[PDB]
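> Sequence plus experimental coordinates follow:
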Amino acid sequence: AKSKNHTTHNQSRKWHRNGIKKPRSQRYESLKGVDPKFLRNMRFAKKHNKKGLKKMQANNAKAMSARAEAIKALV
RNA sequence: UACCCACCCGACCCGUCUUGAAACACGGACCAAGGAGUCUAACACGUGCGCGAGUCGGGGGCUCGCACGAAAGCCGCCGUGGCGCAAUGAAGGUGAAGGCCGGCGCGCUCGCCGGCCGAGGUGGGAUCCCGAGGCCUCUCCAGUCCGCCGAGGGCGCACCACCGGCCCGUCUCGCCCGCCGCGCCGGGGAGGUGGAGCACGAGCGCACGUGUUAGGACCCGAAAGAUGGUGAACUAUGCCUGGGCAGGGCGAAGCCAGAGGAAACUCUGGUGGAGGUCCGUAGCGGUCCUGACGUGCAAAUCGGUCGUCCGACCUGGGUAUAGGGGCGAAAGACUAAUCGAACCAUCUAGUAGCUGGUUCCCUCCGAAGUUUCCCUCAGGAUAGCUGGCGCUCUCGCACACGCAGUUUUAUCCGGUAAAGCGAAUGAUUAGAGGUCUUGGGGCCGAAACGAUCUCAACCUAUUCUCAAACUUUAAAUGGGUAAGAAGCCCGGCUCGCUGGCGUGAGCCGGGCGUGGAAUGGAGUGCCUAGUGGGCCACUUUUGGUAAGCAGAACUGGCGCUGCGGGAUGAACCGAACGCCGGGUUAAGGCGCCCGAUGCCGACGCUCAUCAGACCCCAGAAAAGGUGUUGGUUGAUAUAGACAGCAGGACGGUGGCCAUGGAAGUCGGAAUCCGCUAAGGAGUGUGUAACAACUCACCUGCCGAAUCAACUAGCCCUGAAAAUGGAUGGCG
RNA sequence: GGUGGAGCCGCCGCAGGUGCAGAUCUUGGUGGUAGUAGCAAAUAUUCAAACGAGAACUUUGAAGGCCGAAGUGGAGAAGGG
RNA sequence: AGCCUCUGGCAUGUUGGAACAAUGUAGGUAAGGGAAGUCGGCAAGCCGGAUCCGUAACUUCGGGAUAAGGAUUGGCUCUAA
RNA sequence: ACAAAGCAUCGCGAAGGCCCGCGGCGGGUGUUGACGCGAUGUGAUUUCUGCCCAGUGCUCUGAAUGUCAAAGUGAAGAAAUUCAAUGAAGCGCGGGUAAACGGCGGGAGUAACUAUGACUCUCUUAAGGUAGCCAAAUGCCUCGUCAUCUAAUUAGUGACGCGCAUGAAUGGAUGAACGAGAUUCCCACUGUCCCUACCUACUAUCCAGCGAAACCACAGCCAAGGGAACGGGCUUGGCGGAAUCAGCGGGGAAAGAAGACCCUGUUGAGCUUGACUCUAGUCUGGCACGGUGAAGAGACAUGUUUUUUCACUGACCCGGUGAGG
RNA sequence: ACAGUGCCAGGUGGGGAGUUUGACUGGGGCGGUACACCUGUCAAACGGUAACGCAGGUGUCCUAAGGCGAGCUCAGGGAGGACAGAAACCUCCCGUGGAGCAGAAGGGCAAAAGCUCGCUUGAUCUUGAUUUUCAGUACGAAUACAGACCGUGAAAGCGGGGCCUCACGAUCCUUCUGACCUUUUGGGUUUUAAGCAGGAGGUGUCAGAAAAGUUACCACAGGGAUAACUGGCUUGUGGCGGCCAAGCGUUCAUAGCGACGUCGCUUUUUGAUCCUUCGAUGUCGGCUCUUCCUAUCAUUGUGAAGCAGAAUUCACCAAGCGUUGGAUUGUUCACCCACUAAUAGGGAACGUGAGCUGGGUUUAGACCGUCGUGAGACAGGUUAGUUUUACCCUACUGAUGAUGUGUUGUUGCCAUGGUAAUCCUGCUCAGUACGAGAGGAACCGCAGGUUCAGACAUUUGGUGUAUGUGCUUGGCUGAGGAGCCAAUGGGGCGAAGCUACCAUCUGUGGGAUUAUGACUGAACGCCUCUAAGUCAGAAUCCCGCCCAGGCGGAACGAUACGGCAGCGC
RNA sequence: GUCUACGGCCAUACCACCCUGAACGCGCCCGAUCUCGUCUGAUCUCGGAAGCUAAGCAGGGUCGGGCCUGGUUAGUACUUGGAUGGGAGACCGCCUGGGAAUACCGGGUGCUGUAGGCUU
Ligand SMILES: [Mg+2]
Ligand SMILES: [Mg+2]
Ligand SMILES: [Mg+2]
Ligand SMILES: [Mg+2]
Ligand SMILES: [Mg+2]
Ligand SMILES: [Mg+2]
Ligand SMILES: [Mg+2]
Ligand SMILES: [Mg+2]
Ligand SMILES: [Mg+2]
Ligand SMILES: [Mg+2]
Ligand SMILES: [Mg+2]
Ligand SMILES: [Mg+2]
Ligand SMILES: [Mg+2]
Ligand SMILES: [Mg+2]
Ligand SMILES: [Mg+2]
Ligand SMILES: [Mg+2]
Ligand SMILES: [Mg+2]
Ligand SMILES: [Mg+2]
Ligand SMILES: [Mg+2]
Ligand SMILES: [Mg+2]
Ligand SMILES: [Mg+2]
Ligand SMILES: [Mg+2]
Ligand SMILES: [Mg+2]
Ligand SMILES: [Mg+2]
Ligand SMILES: [Mg+2]
Ligand SMILES: [Mg+2]
Ligand SMILES: [Mg+2]
Ligand SMILES: [Mg+2]
Ligand SMILES: [Mg+2]
Ligand SMILES: [Mg+2]
Ligand SMILES: [Mg+2]
Ligand SMILES: [Mg+2]
Ligand SMILES: [Mg+2]
Ligand SMILES: [Mg+2]
Ligand SMILES: [Mg+2]
Ligand SMILES: [Mg+2]
Ligand SMILES: [Mg+2]
Ligand SMILES: [Mg+2]
Ligand SMILES: [Mg+2]
Ligand SMILES: [Mg+2]
Ligand SMILES: [Mg+2]
Ligand SMILES: [Mg+2]
Ligand SMILES: [Mg+2]
Ligand SMILES: [Mg+2]
Ligand SMILES: [Mg+2]
Ligand SMILES: [Mg+2]
Ligand SMILES: [Mg+2]
Ligand SMILES: [Mg+2]
Ligand SMILES: [Mg+2]
Ligand SMILES: [Mg+2]
Ligand SMILES: [Mg+2]
Ligand SMILES: [Mg+2]
Ligand SMILES: [Mg+2]
Ligand SMILES: [Mg+2]
Ligand SMILES: [Mg+2]
Ligand SMILES: [Mg+2]
Ligand SMILES: [Mg+2]
Ligand SMILES: [Mg+2]
Ligand SMILES: [Mg+2]
Ligand SMILES: [Mg+2]
Ligand SMILES: [Mg+2]
Ligand SMILES: [Mg+2]
Ligand SMILES: [Mg+2]
Ligand SMILES: [Mg+2]
Ligand SMILES: [Mg+2]
């Protein structure tokens, strides 16, 4: 009662019948695995983006009206 | 079309297990009727229907003697209750909200008080809305109606990716607490981490399908185990009571006479009739023919021959011992044709990873023999491979992104083939060179690196040959990425990390489109059967001598698959099959079987007393062969060769060694001149040695091509096996 | 078309013990084998008559024979009924 | 005992007829040779009753033993006991 | 083969040995008593019965300072408890036993041919195979060597004995009588054979009558080829003429039986023991029924406990009888 | 006051019960462990890959053989230096690693990872993430971080065991440790127990059963997935045969041989292998019988010889016909005796069991030896042990027939099959050839034999149931006579008929050539058996005689008087 | 042209020997009081500035060894695909593509980075 012991014979056929798929990658992949001292900081960076939104909003209208002036000075 | 018959071509018997079945594998004489995936419960997903944060359904109840009813209808019962509506901790238990703004505590990323919004954000997002601009309309212009195209811009479901946030458990760290009590009281924060969680829901009930189980469980199938029972009419013993065993042989004790002797007693002749005694009927048994018979007269009989036949003999009836028990002069014998453990019924449809079977058509899709784990190796589990069900989108609706058993263009990765060993390591030959060192022997030396050798080991330049477990080098095929919108380029915010400043990452806000060739609609989720014995071929390759052997790689097949071809045939060559008419091919073919050369086919090769005749494939080797045909190279030659026929083949010379004979000649050192024309101090014949003969060498005659070694083609030799015989046959 | 003598099918739905070639399948039936193997253990029958539809086989007579009194003879037990 | 017969009992033991092939199964017999046969003298045949003679090794002194080996055997007419 | 007489061990004086039974104050041996019963071994007679008690058994008025439980007693604690002392049988230790199971070895030198070795050295163990016997039914090498028997002998008989692997009641050696026991040889005999022949009966054969069965996919002429690697069928050849009778044993890998061998199965049974887990039975202790009286002693304590011994008779037990002194 | 019974405790207990007695495995058993791991290789340059493929290692060891930090330099060699030499100690020079780094190898390592010192516990406490085997689960092992507490160093840094790749272990259970933890349930306090979180006690069959045998008394489910026959493939081994040629052969390679080497055939040896068969193909020998092969032992014909004759080896055409009788043995095989012309070798399912036999293997009974505590085991012996069925189809042997030929009969032909004869002695040749002598042939003839075919019965023999005829035993017919019965009463002699190397008779001819030897005669102005041509030539082959007579013919005869006929031209 | 300090790539830089170095530096060098370390001020640590390029270092030189690159070896060895190609077989040829390694010949022999000198 001896038997065959191994083979990779038609295996290439099988796992290429559904066509080996390179793993579908999205933008924004998970941060799990990054060192904690990065996250433990970058979460504080993300948590207090809003404190300082007034500067951001007015300074946006500054360049938005300076480039509404830049596109109108071209006109 | 169906009945019978005829013909040409095709054609092996089905089912089955199987790598492979027409099989010298098994089931199958034939025909009828019967005959095998069921019901229940429990999950799971899909699907249909009712209602929907609810929704039932049961048990009850209220309504009938039912005809239809043991139905239907109805009931704050309808929620007692289940399931859902909420999790998380072992548990005490806690328990899903955040944002924002203003005000007040020091805004301290901490604590408290008033107001607003309420499930956060980013990226895709079916997609609706808004729409610049076009596109006409019989005029120039005016202008409201109608749509088509529509760059660009907005909301953005479902879903996916991500970042945040909240609940609980645990940890870390740290702050302030509230006070019906005192704080070994309770309460809040920041950061990480465990969770089957929340983050404005989707369940309940009822059907049907598929799948997995528990059930006898797709049908049939054990050897067994258990509980109760019935048997000694067979046979095994014991007991009780009955019945039976011709005729002969040997001849024991006892006894009687006679005779000896002194006595003990001993002889001789009788009697006598003992014995698990002999022959041998009846009886009981069963040795040998390995006879008869062997679908018998017989589920063990029949003949001849045999054993025993007054005793541990044979028997009849009565009675005792009953199943892990009996009984045994003991063979595991016998116990009612049954015995290494009876028969009967039940538990029982015992269990089976193992055989066998498994019932109508058509249509579409279509495998595996591999992965890890298993008291696993005939089985499962999980991977794959398969199907079904879908969904999410794309846009051939003049207006596409995406992927890929591709290839380019860049760019990394590699240690195999080859190569090398005057590069390492490991082997290894030779010489030259070296008292390298040194030696061990020598020979010439008292001894002496003195001389000359020698061999050993080393090493200085060299040289021969090697390595799968060696490597300076170093391919081919091959493996990664990359070839943009998730991309670039500006502007600005945030940080508890990082730092002289900046880094870096994260965010918000704007600015810009086809980025190599060729192909094609892509993405994603559920259930899930079968399979988990494989086999063959090119190439690579491991054992083995080799195998139709054992074991891998890579692809392809066969299994799962027919057709043309290979005579025949799984697997070779072509080529993959809906049913047909025409054409044309592939691999193969084209004398005849047998479609096609019934070419005025080319050019050659070969004759076999064993011819040769097509990938897999089925037959042969070294070695030969003036058999014939080509070459190759070297020869020879009109100063006349080759061959043929004629003359010489000698002298110096019994040369020297060898004497045993070698004056040329068993053998060898050799070993050259004279006559020269030419004769080798000899090719051989032989002769003890010569001679004699002959051959090289040279001549005489003849008239032009000849000779030798190799090499390859075909045919021959080498070539021997058994029922007659196979290029498929004829030929 | 025929024979047969009393019930039966189409469509829309529901329910099954629902389709057989096979299991050394079950039951029943029937072949080929085949008018074959066979009707061969213990020596043996023959003649005439009777009866009768019918005689190798019954019955009677005659003849030849065997069992041969440890019987194939005459009576019983158990068993049979 | 076997073999033949009276007494008694049967009718060849689930059939008959025609033939004498091969094989058989049962029985028989063989010239010369005699175990050369075969695994082995398997089977068969040699012996066989009685009377008269005769008897070994060995021995547990009982046996061996019917050891072995020889002779005789009818019918008739007598005789003796 | 068993049995057997015989020989031999072994237990046991009856509350006994062996043994049955589910249980009783139950039964067998036992209507018994050591010349009896039960348990084994060898196997008449003759002649013998050798060494070994280390191993495993069995057994022993045998020490149980080894261990060792239930209860029992002691101590701490609040109590479950915990910890102490002690100690039965068997186990450990020590005697005996082989007619219990069984065991009974290996090396060198050395004598005046050679060889062999009386003799002498080590080593080991529990003794190291003694009397005998052997190529035996026991011997691998093996057709051992010699002789005998044959023309010729792996056969037979007889001797030889470093005997793979003989041997003393797991009995050794013998051996008259006996044997449907196993061999070998000789005489006689023979169809066993050279070498077959004929004769008889019953068959078979044919006929009248009567009539089965096993078996059967389809079936039935061969060679070679291929093929699941030995075809009847297929390829290519060879060929083929109705329907049958007696024979016949080449073929149908003929029938008969889901191979008795072998291997697998997480399928069994029978038997074994040093397997695992248990059991009836039996040995020992404790507790209970279990009392009365007597002495006396130790230990602890300053009564308790342990109780040792000797009595008693009411439970209980056995014995006898027609319950008679 | 114990016996004894009732109940608990310890011991003893194959007397009894139940059960187990691994897997892999070129069948299994015994051997190994490829059963968990690790190196180098195999492995075909990514990774990954098999076998009881190689070459090896592990179940460890370390208080430093770890963590830092310094500080140096190793193996080996040369030259020196009192005892001191190939080796102690010192000094200089050379020294890419040729040392060392606990161990197997493989990688890695130089003001190091090596060696020497000083200081030490990063071998500590704690979440996650990832890699490695992978299902992309664990365990093990590892890699990066982060949070604490530290060690070390001026410091940068390094360090959570050992320079890297191996050195290890689930559930349940047990124990230890941790928190003023939780539960211990109607409250409360203490014990006690249960949780929670980490370690340990272990499963080596290493994803983890608590486990000895035997069966020859055996059973069942299966298996040609797995042996023991045959057959295939293969051909080591076995057998048979070539090539080269150093040598043997007095001389001389090749008459006969032939080393060192090398190429093959063969399936009559054994193996390997496991394709076929396990709902069974009857598994050794011998007996009988046929046929076939030639790798020729004899005989016919020949060539060779170290062939004078005789004898004998070598080779060619050749399988026509031969190849025996016995002793031992189960044997195949073997050995001998004896004969012969020779005692060649083989195939046909290792031909042949519905053909035999059953001696050997190989059931159950027994016996010894060895082994085993035992049941039992033993290619160790030994004795006893059932051998079935044919009537079916085919083949074969005989036997009737069959369609055709108008019907019949007679005499015939021949297609095709079959086929048969064989060897020896004696005499003569001749004591001749040859030889020196010893020795010693042949062809032609003649006489016979062996083996084998075909007959046959005159004689000899065998049988004999003419139941022919005598002779006899027992009985039976009253006796004589005549007979009968006793499975053929027994025995003599016996006709016919069958029948025997146990009697007798008969066995027959040509053709074409093989091997071989020759002729003419080329290629190759010679020579050649050959290339074209010819000749002799045999147990061979074919035919003749001999046997059969075809879905093959031939010639000739007679052809239905009839009462009904019917035809032939 | 050049050095010193710290370097990057790590031999075109190494090794062996030969020749030449103005000035700054680098060095040799001179001492052991303090710091520090040794058996030894040899090395290391420290205080120095009398001498010299003797050496390191720099720079050159060698028909130098080594390395680095080309040529040749060679379209050779090997190989992706292909055939009903050859061959008894070993193997070999061709088609479609890719394409090495020695021996043997050439050429080269350190490029630079920052900060400071010197040649003012
Ligand atoms: Mg098979
Ligand atoms: Mg077959
Ligand atoms: Mg089967
Ligand atoms: Mg059981
Ligand atoms: Mg018989
Ligand atoms: Mg018969
Ligand atoms: Mg009868
Ligand atoms: Mg199967
Ligand atoms: Mg490699
Ligand atoms: Mg399977
Ligand atoms: Mg009616
Ligand atoms: Mg129904
Ligand atoms: Mg039906
Ligand atoms: Mg009679
Ligand atoms: Mg009567
Ligand atoms: Mg009769
Ligand atoms: Mg009757
Ligand atoms: Mg005779
Ligand atoms: Mg004989
Ligand atoms: Mg014989
Ligand atoms: Mg006899
Ligand atoms: Mg006698
Ligand atoms: Mg005894
Ligand atoms: Mg004794
Ligand atoms: Mg003892
Ligand atoms: Mg002795
Ligand atoms: Mg004797
Ligand atoms: Mg004999
Ligand atoms: Mg003897
Ligand atoms: Mg017949
Ligand atoms: Mg057969
Ligand atoms: Mg299993
Ligand atoms: Mg069992
Ligand atoms: Mg035990
Ligand atoms: Mg048991
Ligand atoms: Mg196994
Ligand atoms: Mg590869
Ligand atoms: Mg250091
Ligand atoms: Mg840390
Ligand atoms: Mg270390
Ligand atoms: Mg309480
Ligand atoms: Mg046995
Ligand atoms: Mg037995
Ligand atoms: Mg097989
Ligand atoms: Mg075989
Ligand atoms: Mg010579
Ligand atoms: Mg195989
Ligand atoms: Mg059969
Ligand atoms: Mg020949
Ligand atoms: Mg045979
Ligand atoms: Mg046969
Ligand atoms: Mg038979
Ligand atoms: Mg036998
Ligand atoms: Mg036996
Ligand atoms: Mg004995
Ligand atoms: Mg024993
Ligand atoms: Mg003479
Ligand atoms: Mg008379
Ligand atoms: Mg002629
Ligand atoms: Mg000729
Ligand atoms: Mg002629
Ligand atoms: Mg100094
Ligand atoms: Mg200098
Ligand atoms: Mg200088
Ligand atoms: Mg150079």
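Noted; the coordinates are in hand. Numbering: from 1, shown residues only, chains lettered A, B, ... in the order given. Ligands and ions are numbered 1, 2, ... in the order given.
> For chain A, which residue occupies the most central location?
By Cα atoms, centre = their mean, chain A has its centre lying nearest to residue A:28, at 2.3 Å.
> So that residue, which state does it fall into?
Classification of residue A:28 using DSSP: H, G, I helix; E, B strand; the rest coil returns coil.
> Next, it: phi, psi?
Residue A:28 adopts backbone torsions of phi 60, psi 70, taken as degrees, to the nearest 10.
> I'd like to know how far it sits from RNA strand B.
According to Cβ to the nearest atom of the strand, to the nearest Å, residue A:28 stands 4 Å off from RNA strand B. Backbone N, C-alpha and C define where each C-beta goes, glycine included.
> and if you look at residue A:44?
Residue A:44 sits 4 Å away from RNA strand B, going by Cβ to the nearest atom of the strand.
> what phi and what psi does the backbone show at residue A:69?
The phi/psi pair for residue A:69 (degrees, to the nearest 10) is phi -80, psi -30.
> same deal with the one 3 residues further on?
For residue A:72, the backbone dihedrals are phi -80, psi -30 (criterion: degrees, to the nearest 10).
> Next up, the contacts around it.
Going by Cβ atoms under 8 Å, 6 or more residues apart in numbering, residue A:72 touches no other residue.
> residue boundaries of the strands in chain A?
Counting by DSSP state E, chain A yields no residue ranges for strands.
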